[PDB]
Amino acid sequence: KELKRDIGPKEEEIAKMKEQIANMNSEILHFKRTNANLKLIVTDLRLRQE
Amino acid sequence: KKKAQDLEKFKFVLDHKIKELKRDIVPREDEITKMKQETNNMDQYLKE
Amino acid sequence: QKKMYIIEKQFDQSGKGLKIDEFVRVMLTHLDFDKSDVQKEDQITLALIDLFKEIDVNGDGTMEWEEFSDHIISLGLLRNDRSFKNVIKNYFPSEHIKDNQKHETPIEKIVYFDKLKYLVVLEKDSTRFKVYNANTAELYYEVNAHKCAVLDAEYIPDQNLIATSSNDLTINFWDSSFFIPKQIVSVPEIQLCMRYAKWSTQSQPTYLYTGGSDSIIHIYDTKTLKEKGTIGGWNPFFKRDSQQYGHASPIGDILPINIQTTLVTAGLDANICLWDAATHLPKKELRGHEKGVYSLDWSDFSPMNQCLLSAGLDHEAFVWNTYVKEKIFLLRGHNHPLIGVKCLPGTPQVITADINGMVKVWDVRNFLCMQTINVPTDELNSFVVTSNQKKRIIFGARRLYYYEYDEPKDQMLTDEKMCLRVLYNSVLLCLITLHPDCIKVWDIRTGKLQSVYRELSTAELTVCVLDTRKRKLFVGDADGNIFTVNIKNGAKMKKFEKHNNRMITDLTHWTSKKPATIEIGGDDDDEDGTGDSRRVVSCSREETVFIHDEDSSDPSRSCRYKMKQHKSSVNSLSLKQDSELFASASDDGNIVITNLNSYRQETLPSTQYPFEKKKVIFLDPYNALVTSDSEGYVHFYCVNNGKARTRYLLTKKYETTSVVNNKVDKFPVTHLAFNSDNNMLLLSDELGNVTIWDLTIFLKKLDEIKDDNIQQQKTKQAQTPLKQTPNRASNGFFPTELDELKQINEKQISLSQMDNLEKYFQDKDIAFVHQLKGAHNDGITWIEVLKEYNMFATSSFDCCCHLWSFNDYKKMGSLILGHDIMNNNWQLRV
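Residue numbers (the authors' numbering), protein chains in the order written: chain w, 1046 to 1095; chain W, 1019 to 1066; chain Z, 36 to 865.
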């Protein structure tokens, strides 16, 4: 009975950090959108130069 | 004698699951794993 | 306990009781054993087949879930009996007995004259023997027994004499009626031991056997008090062909086993000569001890468990059989030489003591160290066991130390303390008397003190709640800790989240059980089991109430909601049967009925008097809520399980006559025992009075109001026309217009009838069935409605829970702690 139940918390501690993965996944698209925004901010200035 | 016979197996066997449950746990706790590698590598992607 | 419900499910799967094969297979699947290992597979199969046959009373070869549950109930009551047989309670130190006389010298010996009660202590190097009380260590006389050091002091009942043997080669028999030396007898040698032997046979004269330094037992008849014979000893002078029988060292002790007519002599040579006292010749010589044996006792607990117990220079006690030469048993764990072995008469308890104050109490049925005692004595000189009316150990050391048995102080009481509550575990077929120290379980059939679950919690046990299956006792402590303890042996199987360090005023176990309905139609990925959601609702001296989840393993996360429903301590919680609404009461005069699943509060409309709600209980199955206040008011409200306001209906002035002043004052109802069988309310009175109201009229009126509401609803629904609806919706833009509809009135019909609930319900609607006046010595703490037997066990501050039979309400029983069931006035037959 003890060894049928020690499995529980030990397995539960296996992984609880998917929150970090999801947060940084959102950050990934955040940076992607920043990429395009700043690309446009560069290109508009490129054109005005000429 | 018969009671001690009906109790010797009770003294011995359940050690079988005593070992079995721990052995099953062996590969169970293991999966502090590739999800973390993913979180590390996608973090690298974030960096760039 | 986790697979209890799964086993129940599989057993019910049979529908006609599990036969041998399914029975064994179900327990094999569910058991925490090795199914794949043939050894325990077959052993458990055999054990379960034996269980099946035992359960087989009908003899048809079918064990129903009913039979299995009944057997589990019997085993739970036996576990309640927290010994599994012959409770061997630990020898606690005598809080009431200690040495009083100024022993000018160390205690040498102590012989307790049970016949005289003369605990004659022979002081080391002291020429006077101080006879104390074995029950109070009260010295009677400090009388000069002899001229020099006294070795032994034995009682000769045959002449009412206290014989004292001294190194001066004298023996003085003193008339115990006056403690004057009746006879002084000179001896050629000093006898180290001196024991009165009164063998069982009527024709054998009583012999005071004295074992001196010569190893020869000098035999003095207790009448003339003079030597008449010498038993075999190490006598090198008598050099002849006689076989060496006896001991080569001075006789340390003489043990008259009158049952076997055996004079047992233990010598320094490690021999124990069993001499035939009929002939005084050697019947045997027990051997196996490493050094001189000094103390011998004769554990006669059972004829099949008879054991001589020998101790001495050896640090361990040897168990011996009259036939079996080899030492039967050896009590271990002793760190130093054992002073001796005692076999308490009338109990299986054998006490073996080391020189360092370490005592082991063993069960001769198993010879296991049932108890461990650390006597506060730097050096212990001897010990004597008093078995007269009390199991006490008197340790003769630097002081007269006393240890006492743990018998219940007031047996007739359901407990030595307040009988706080009564639980009718109809499943257990027993009454559980909750008391401050512990929750005591009592066989309903016999009323015996079954379980004394001492230490069930870190605090006193003030609440005991039966499980929905009546298989687990929920205990809440004043510290704020709740837990589930198996009602079998008082083990705290689980705990819940702690309160805010406040005593749990009330604990309830509401189990939302999911009905078994066949479902057709669905396409989704949701594999969720139909678990039965059990929640312990706990109220304390706080505005917050904890809803712990039994299904939730974590005690802290058990609290599915920390819900604030009242402005003060929640006096009581009452779960309305067949509903999720539980009514909580507080001294502020406000009652809040909250839905556990929805956690929504519906406050009862303020009564004419917001008296501190003392006891709140739903008139189950009626939609009626009854609240007894501190001022003797029992308010009955039409509580609706839906969103309809729980409507106040009546307020009966609960009046119980004062025992002393004869004045019927306002007495808060300490407990409300709603016997749904009688529709009756057992109101507990601080005078211990089991007042009894008939709620039939009020319940009928509330039911008829329900019927009127239902009929009105049906009539309203019967006149519904048909209308069409618009198509495709859309374009939103909902505006706000509140006041453009405040000028539409002047149409009222049938509006003043349902608002007269207060007078529609009259105090006459609540009949007063009876009054068990003086039903308890003090306030009745509880009244458990043992509905099945038309029974109700009232708990009160009298420390008793008296059985009161609804047919008469008379006190047909009173759970009596002591095993004196004859005095236990339990007329209950199941």
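Backbone N, C-alpha and C fix where the C-beta goes; we use that ideal spot for every residue, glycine too.
Between which residues of its own chain and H253 (chain Z) is the CB-CB distance below 7 Å, once the five residues before and five after are set aside? Excluding sequence positions up to five before and after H253 (chain Z), its CB lies within less than 7 Å of the CB of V222, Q226, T245, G247, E262 and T265, all in the same chain and listed in chain order.
**OP:** With DSSP as the reference, label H534 (chain Z) as helix, strand or coil.
**Re:** Secondary structure of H534 (chain Z) (DSSP, three-state): coil.
* Does the distance from the CB of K377 (chain Z) to the CB of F402 (chain Z) come in under 8 Å? -> Contact: no.
Is there at least one Cβ from chain Z nearer than 8 Å to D1024 (chain W)'s Cβ?
-> Answer yes: the Cβ-Cβ gap between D1024 (chain W) and chain Z drops below 8 Å somewhere.
Through-space distance from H837 (chain Z) to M847 (chain Z), alpha-carbon basis:
Roughly 8 Å between the two C-alpha positions.
Can you list, in chain order, the residues of its chain with a C-beta nearer than 7 Å to that of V487 (chain Z)? Leave out the 5 residues immediately preceding and following it. Cβ within range, chain order: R117, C473 and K475.
### Query
Excluding the five sequence neighbours on either side, which residues of its own chain have a C-beta within less than 8 Å of the C-beta of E1026 (chain W), listed in chain order?
Result list for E1026 (chain W): empty, nothing under 8 Å.
Sub-8 Å separation of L654 (chain Z) and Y689 (chain Z) beta-carbons: No, Cβ-Cβ distance for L654 (chain Z) and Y689 (chain Z) is not below 8 Å.
| said: So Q74 (chain Z) contacts chain W; which residues on that side make the cut at Cβ distance below 7 Å? | reply: Near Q74 (chain Z) (Cβ distances below 7 Å), the residues of chain W are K1027, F1030 and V1031.
(message) Give me the DSSP bridge partner(s) of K377 (chain Z).
(response) DSSP output for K377 (chain Z) lists Z:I386 as bridge partner(s).
Could you tell me how far apart the beta carbons of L685 (chain Z) and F733 (chain Z) are, in whole angstroms, since I believe they sit closer than 8 Å? Contact holds; Cβ gap of about 6 Å.
**Bridge partners - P317 (chain Z), DSSP secondary structure assignment** = For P317 (chain Z), which the question treats as bridged, DSSP gives the partners Z:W310.
| query | Counting only runs that start and end within the stretch 738–824 of chain Z, where is the beta strand (DSSP E) found for 3 or more residues in a row? | reply | Runs found: 802–807 and 817–821.
Using CA coordinates, which residue listed in Z:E781, Z:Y280, Z:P240 and Z:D559 is at the minimum distance from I251 (chain Z)?
Considering only Z:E781, Z:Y280, Z:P240 and Z:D559, the residue with the shortest C-alpha distance to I251 (chain Z) is Z:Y280.
Below-8 Å beta-carbon distance, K1019 (chain W) vs any chain Z residue
When Cβ-Cβ separations below 8 Å define contact, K1019 (chain W) makes no contact with chain Z.
Assigned secondary structure, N676 (chain Z) (DSSP; H/G/I helix, E/B strand, else coil)
Here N676 (chain Z) sits in coil by DSSP.
key: Span separating the alpha-carbon of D589 (chain Z) from that of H583 (chain Z)   = Their backbone Cα atoms lie some 9 Å apart in a straight line.
Fill in: Neighbour flag for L81 (chain Z) against chain W, beta carbons, 8 Å
Taking CB atoms only, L81 (chain Z) has a neighbour in chain W less than 8 Å away.
* To do: Thinking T705 (chain Z) and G814 (chain Z) are a contact (beta carbons under 8 Å), I'd like their distance in whole angstroms, please.
  => With 8 Å as the limit, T705 (chain Z) and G814 (chain Z) qualify as a contact, their Cβ atoms being about 5 Å apart.
- Message: Just to confirm my understanding: we take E139 (chain Z), look at its own chain, exclude 5 residues before and 5 after, and list those with CB closer than 8 Å. What are they?
- Response: The beta carbon of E139 (chain Z) sits closer than 8 Å to those of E158 and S161, all from its chain and outside the five residues before and after it, given in chain order.
Requested in this report: For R489 (chain Z), write down the residues that DSSP places opposite it in a beta bridge.
Outcome: Secondary-structure assignment with DSSP links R489 (chain Z) through a beta bridge to Z:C473.
> Going along the chain, which unbroken runs of the alpha helix (DSSP H) with 4 or more residues stay wholly within the stretch 203–253 of chain Z?
Replying inline: DSSP runs (the alpha helix (DSSP H)) wholly in the stretch 203–253 of chain Z: none.
| message | Could you compute how far the alpha carbon of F768 (chain Z) sits from the alpha carbon of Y672 (chain Z)? | response | If you draw a straight line from the Cα of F768 (chain Z) to the Cα of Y672 (chain Z), it is about 45 Å long.
On a CA-only basis, which of Z:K326, Z:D613, Z:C308 and Z:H324 is nearest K318 (chain Z)? Give me that one, please.
-> When only C-alpha atoms are compared, the closest one is Z:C308.
- Item | Where residue 1098 (chain w) falls, given that 16 or more other Cβ within 10 Å makes a residue buried | Lying before the first or after the last residue shown, residue 1098 (chain w) is absent from chain w, which here runs from 1046 to 1095.
- Query: Is it buried or exposed for residue 876 (chain Z), if we count other Cβ within 10 angstroms and need 16 for buried?
  - Reply: Past the edges of chain Z, shown from 36 to 865, lies residue 876 (chain Z), and the structure says nothing about it.
**Message:** Considering only DSSP beta bridges, list what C835 (chain Z) is partnered with.
**Reply:** Within the DSSP secondary-structure output, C835 (chain Z) pairs in no beta bridge.
Mind listing which residues of the stretch 431–452 of chain Z have their C-beta closer than 7 Å to chain W's C-betas, in chain order?
-> Residues: none.
**Message:** With DSSP as the reference, identify every bridge partner of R570 (chain Z), one or two as the case may be.
**Reply:** According to DSSP, which records beta bridges pairwise, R570 (chain Z) is partnered with Z:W545 and Z:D584.
### Task
Tell me whether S109 (chain Z) is buried or exposed, calling it buried when 16 or more other Cβ atoms sit within 10 Å of its Cβ.
Result: exposed.
Taking Cβ to Cβ, would you say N370 (chain Z) is nearer than 8 Å to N356 (chain Z)? If you check the CB distance, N370 (chain Z) and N356 (chain Z) do not come in under 8 Å.
Close-in-space but distant-in-sequence residues of the same chain around residue 15 (chain Z) (CB under 6 Å, 5 per side omitted): Residue 15 (chain Z) falls outside the range modelled here, since chain Z spans only 36 to 865, and no answer is possible.
Do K133 (chain Z) and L348 (chain Z) have their C-beta atoms within less than 8 Å of each other?
-> In this structure, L348 (chain Z) does not lie closer than 8 Å to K133 (chain Z) by Cβ.
| request: With DSSP collapsed to three states, give me the class of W100 (chain Z). | output: In the three-state reduction of the DSSP assignment, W100 (chain Z) falls in the helix class, which pools H, G and I.
Simplified DSSP assignment, three categories, for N697 (chain Z)
In the structure shown, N697 (chain Z) sits in coil (DSSP, three-state: anything other than H, G, I, E or B).
At a CB distance below 8 Å, what residues from the stretch 1052–1078 of chain w approach chain W? Give them in sequence order. From the stretch 1052–1078 of chain w, only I1052, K1055, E1056, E1058, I1059, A1060, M1062, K1063, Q1065, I1066, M1069, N1070, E1072, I1073 and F1076 have a Cβ closer than 8 Å to chain W.
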